[PDB]
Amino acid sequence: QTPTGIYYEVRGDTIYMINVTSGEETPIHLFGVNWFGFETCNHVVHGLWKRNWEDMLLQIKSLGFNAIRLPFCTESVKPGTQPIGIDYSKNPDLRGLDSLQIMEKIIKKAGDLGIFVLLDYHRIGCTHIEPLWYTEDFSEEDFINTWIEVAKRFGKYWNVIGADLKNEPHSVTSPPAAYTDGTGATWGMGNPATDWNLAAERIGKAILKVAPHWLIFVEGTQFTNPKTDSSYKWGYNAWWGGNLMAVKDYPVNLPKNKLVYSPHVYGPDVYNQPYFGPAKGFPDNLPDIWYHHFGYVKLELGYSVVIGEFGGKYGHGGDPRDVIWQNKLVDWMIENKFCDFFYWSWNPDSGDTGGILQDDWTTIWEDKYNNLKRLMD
């Protein structure tokens, strides 16, 4: 049942941590941030050219976060891959460590701070988010075998809560071709080769065999199937990893107590959606849009829903509407008890969103953080 003595499960729409020996159960909330870099060709979380890695973890904790989503790529979790771009004067205890060793060191230190870790298979290779969980040179079997290896190793760390199976399933063409051309993810189309709802079951089953105590986080797609997507006026305008409209009629076939749906959602800094125009009702139109794309998965169906990525520049060198957008989203999350989330990102080096840290990798954006802090109390 568990190699750590700790077992994670969902009961209703809440995540619990169970100590299997004592029988003690505690509901947990995830007040999270994404710290990315292991999925990039740096092969290590970013910022270690400017900061000490432990200081970073301490700072994250000091802000009241208790969870980190950690993107990785295939090579970052294999022995022998060397990190690039670390200032070893500020990080002397990382000298001579490969990427995998640094990942273990970070997760252990997070655990010491009571910080939960969600592992996110973010890129197959270190360059770009593929739309599917396989490529020409890298098969679904390869992808699954990588998850198995990761689950066996990291399943031993008590604070690792589970697996975000694939970052942002999406499409690289427009409907109608996106549903049939084999280049992008679908949901409820019926073809198990492209249907993310079916692949997630296959990948999830394999992971739970070796890490039965983990949770399986399943993101949305961009498009699902034409019947579902056409059933709503903004059906073709969901984010990558953000379309959960097909969950109702095409649920992922995995145990209810292990499954967490994990939509991504973004504001005008990422894309100028038509619905961000005051002409189309911005921002009072937003709750119904969020509700349709993903919110109903919790509010109507009662699944656990954890927002896996959301963020924006909050008016710092971006679209000023982003301030209104992030405020409205936080208001809505509070009102509707979406208490579990991972903000994108801790890193400032995200082109279209910036992060919680400013470009100096040291000082935070006080206003952006103050808004976020409302979710943590």
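Numbering starts at 1 and runs along the sequence shown.
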item: Between 234-242 and 171-179 (mean CA B-factor, as deposited), the higher; value: 171-179
item: 139-147 versus 158-166 - greater average Cα B-factor per the deposited record; value: 139-147
item: Among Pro212, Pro131, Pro79, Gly114 - the residue whose C-alpha B-factor is largest in the record; value: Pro79
item: Candidate residues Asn34, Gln326, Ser350, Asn66, the one whose C-alpha B factor the record puts highest; value: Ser350
item: Relative C-alpha B-factor of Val305, binned into the chain's lowest, middle or highest third; value: lowest
item: Lowest, middle or highest third - CA B-factor, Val260; value: lowest
item: Assigned third (lowest, middle, highest) for the C-alpha B factor of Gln101; value: highest
item: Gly85 - which third its CA temperature factor falls in, relative to the rest of the chain; value: highest
item: Among modelled residues of the same chain, the CA temperature factor third for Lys205; value: middle
